[PDB]
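Sharing a structure below in structure tokens format, with a few things to ask.
Counting begins at 1 with the first residue of the sequence. Computed over heavy atoms, backbone and side chain alike; hydrogens, waters and symmetry mates excluded.
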Amino acid sequence: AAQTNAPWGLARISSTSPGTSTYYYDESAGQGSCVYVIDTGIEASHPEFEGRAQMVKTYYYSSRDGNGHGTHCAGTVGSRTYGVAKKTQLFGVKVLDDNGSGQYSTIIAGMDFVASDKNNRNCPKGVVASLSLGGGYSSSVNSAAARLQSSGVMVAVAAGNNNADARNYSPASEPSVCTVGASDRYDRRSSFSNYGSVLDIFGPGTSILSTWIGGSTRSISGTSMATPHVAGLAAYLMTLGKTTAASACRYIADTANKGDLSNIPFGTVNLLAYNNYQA
Ligand SMILES: [Ca+2]
């Protein structure tokens, strides 16, 4: 399949070169997979989700996304126009309030929730979780992410937006999950993107158009935006039978565009998420 005039990040993920504008992908499009978006929620009523999104959990007085950032991330995973995996099922877990903040104990509860909740969902092709969040180093936060991964979920987490070594942030610093840095449309490391040995992969993160609340759309930037490209890619690859939750991060790294990003500090992977789709 070909989507013309796609957001640059989608075009990038299906290309051996920057500077193109068509997204190419297998028509299966993540059908039969599921992606949990652990964030501020998802506006499931957005036409872009086509009924494939649902809120499954909140820790607050509402499950509504009163912020937008969860909706944006979910859009990059699986919206019809702005998404990588256009036929995946999206499940929202609201661990962040409408200011985009969340206590680590709530975030941890959300991760353990997903590990159980997948057993209540139909995801024959596999399960992914996208965590566009983080804070300072916490062994408990890392351990929760590790459990989620161990339970059979492909966990993709943001590296962070500190232009610093991600070793000092959680869940970014958890070795067993897929830690995602951000790049721009010119294949530069995004200026805010964290880096370091703990990174596994880069995805498009600067000036990413996606869904927003009130049935709208929005371009924003962050490792928060790169993460759902990788989460959506994992779901897409799992539907194709190319990989599984336990090795999707490895598979993505092994099939990535290599050595093509600029301003990657010595010791950080130079790997850009790539679907290796041949039309
Ligand atoms: Ca790893």
Side-chain angles (χ1 to χ4, degrees), residues 1-3 6-20 22-35 76-78 83-88 125-131 149 152-159 172 175-190 193 195-205 208 223 225-262 264 267-277 279:
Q3 176 190 350
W8 79 262
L10 298 191
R12 192 69 194 82
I13 274 179
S14 61
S15 184
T16 47
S17 45
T20 69
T22 307
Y23 176 40
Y24 309 107
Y25 61 96
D26 189 278
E27 350 293 278
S28 59
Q31 182 148 288
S33 72
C34 303
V35 185
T76 298
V77 176
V84 176
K86 298 176 187 299
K87 285 80 173 287
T88 197
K125 297 298 184 190
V127 184
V128 182
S130 196
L131 284 138
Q149 177 73 49
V153 177
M154 189 289 176
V155 181
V157 311
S176 73
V177 303
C178 211
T179 301
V180 185
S183 64
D184 75 17
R185 144 221 325 274
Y186 303 103
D187 284 351
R188 299 179 295 213
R189 176 172 63 87
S190 300
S193 184
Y195 48 83
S197 64
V198 71
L199 268 70
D200 300 284
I201 192 68
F202 283 81
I208 305 303
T223 57
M225 285 62 260
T227 301
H229 287 264
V230 170
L233 178 59
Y236 165 90
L237 293 168
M238 287 151 75
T239 52
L240 285 177
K242 299 279 188 187
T243 193
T244 64
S247 60
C249 191
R250 221 148 156 167
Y251 180 88
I252 287 167
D254 296 337
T255 59
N257 283 127
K258 312 185 173 59
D260 297 325
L261 299 171
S262 62
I264 300 294
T268 295
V269 293
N270 197 144
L271 299 170
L272 180 64
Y274 173 50
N275 76 179
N276 295 249
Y277 178 67

Please assess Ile252 against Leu233 for the test side-chain contact (heavy atoms from CB on, under 4.5 Å), listing each intermediate value before the final yes or no.
CA-CA 8 Å; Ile252 287 167; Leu233 178 59; 4.0 Å; yes

Are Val128 and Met238 close enough that some pair of their side-chain heavy atoms sits under 4.5 Å apart?
yes

Nearest 0.5 Å please: distance from the CG atom of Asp26 over to the CD atom of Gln31.
11.0 Å

Distance from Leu237 atom CG to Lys125 atom NZ, nearest 0.5 Å?
13.0 Å

Nearest 0.5 Å, what's the OG-CH2 distance between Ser15 and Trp8?
11.5 Å

Could you pull out the closest heavy-atom pair between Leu261 and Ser183, with the gap in Å?
CD2-CB, 3.8 Å

For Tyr23 and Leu10 the tightest heavy-atom approach is CD1-O, 3.1 Å

Which distance, rounded to the nearest 0.5 Å, do you find between the CD1 of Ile13 and the CG of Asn276?
11.5 Å

Atom CD1 in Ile201, atom SG in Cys178: separation rounded to 0.5 Å?
6.5 Å

Is a side-chain N or O of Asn270 found less than 3.5 angstrom from the main chain of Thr268, in a donor-acceptor match?
no

Using side-chain heavy atoms (C-beta onward) and a distance below 4.5 Å, is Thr16 in contact with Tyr274?
yes

Ignoring hydrogens and geometry, is there a side-chain-to-backbone donor-acceptor pair from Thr223 to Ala158 under 3.5 Å?
no

Can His229 and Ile208 be said to form a side-chain contact (heavy atoms from CB on, under 4.5 Å), step by step?
CA-CA 10 Å; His229 287 264; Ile208 305 303; 3.8 Å; yes

Do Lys258 side-chain atoms and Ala256 backbone N/O form a donor-acceptor pair below 3.5 Å?
yes

Any sub-3.5 Å donor-acceptor pair from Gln149's side-chain atoms to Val177's backbone N or O?
no

Measuring from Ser247:OG to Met154:CE, what's the distance to the nearest 0.5 Å?
9.5 Å

So does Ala235 get a backbone contact from the side chain of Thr239, meaning a donor-acceptor N/O pair under 3.5 Å?
yes

List the atom of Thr227, the atom of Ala156, and the distance in Å for their closest heavy-atom pair.
CG2-O, 3.4 Å

Residues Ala226 and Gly181: closest non-hydrogen pair is CB-O, 3.3 Å

Any side-chain heavy atom of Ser28 sitting closer than 4.5 Å to one from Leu240?
yes

Side chain to side chain, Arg185 and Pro18, heavy atoms closer than 4.5 Å:
no

Please determine, by modelled atom types, if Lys86 and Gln3 share a side-chain donor-acceptor pair under 3.5 angstrom.
yes

Identify the heavy atoms of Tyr24 and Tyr277 that sit nearest to each other, and give their distance.
C-CD2, 3.5 Å

Taking side chain as C-beta onward, heavy atoms only, is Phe202 less than 4.5 Å from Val180?
no

Is there a donor-acceptor contact under 3.5 Å from the side chain of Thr179 to the main chain of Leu199?
no

Salt-bridged, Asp184 to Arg189, with N to O below 4.0 Å?
no

Taking C-beta and beyond as the side chain, do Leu272 and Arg12 meet within less than 4.5 Å on heavy atoms?
yes

Looking only at heavy atoms, what is the nearest atom pair of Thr88 and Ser33, with distance?
OG1-OG, 2.8 Å

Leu131 and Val155, any side-chain heavy atoms less than 4.5 Å apart:
yes

